[PDB]
């Protein structure tokens, strides 16, 4: 009977945002990055994924938010699933049922929560009994950012140099996370975005300013960790802000050059400058798109939102706390 045979599991993983950036791969196939990255795991945003391995199935199936997935997005997950199958030592195809509590039409990325959730769900389903390290490795090979979403709070993706040594590790921050939040200003762009995978490889392999990135990253890593250790908010925010801008500076050197940023991105940056000037510490970062994310202390969260509303619509403004705990299995 099916209920004797099927192997199944369900997990919930939250998104994380990179404060110290992953930008450029050393190894493209294996998703080994050129540098370590530091992230913060967000409470509001997650993916919940169920996976059901069944011997009778001939293809993987994938549903996202109740809609059957077809095309290259299904092709992509089936490739990932061959890796999970290879690792578990099992040949059964699977039905994947996933729900995103991530506003990705708002251009919020779900890659991070999607493969952490799927890895966690497979680990459950197939009784792989993976450590967090091994679980982070499995998420990493589908999406680099997802390695980090095994953990709550502050996480560091250790680059390593092979499939075995590249994974995320929890950063000790002594509940520093509990005082902080992030504000997202969602921004609509006319032009279709440069896709992140293509975009970072073009820059990493091609940019006349990529050395600038590599020259400063280890400093930024040590500085970020040290401010985290010391619960120094201004010191952390300053590194992360210049870090993200340098990430973006590098795209300007690529052959040919490109930008993730639009004028409205810059308008949010001006408002966060005015906010600091006004006595409210907060710091911006941008990923592979025009949206601006703002690290703030919870004590000033509303003060920052009020200033943003003088310039931006209420529907453009989302916030989240930092969730202190890691990946959850749904029982």
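Residue numbers count along the first chain shown, from 1.
The mean Cα B-factor in the deposited entry runs higher for 107-115 than for the other of 107-115 and 202-210.
Stretches compared: 167-175, 229-237. Higher mean C-alpha B-factor in the entry: 167-175. Set against one another, the Cα B-factors of 287, 67, 297, 264 in the record reach their highest point at 67.
In this structure the maximum Cα B-factor among 79, 140, 72, 246 is found at 72. Per the PDB record, residue ranking by Cα B-factor puts residue 99 in the highest third of the chain. When the modelled residues of the chain are ordered by their C-alpha B factor, residue 149 lands in the middle third. The entry lists a Cα temperature factor for residue 42 that places it in the middle third of the chain's modelled residues. Residue-level temperature factors show residue 184 in the middle third of its chain, judged at the C-alpha atom. For residue 302, the recorded CA temperature factor ranks within the middle third of the chain's modelled residues.
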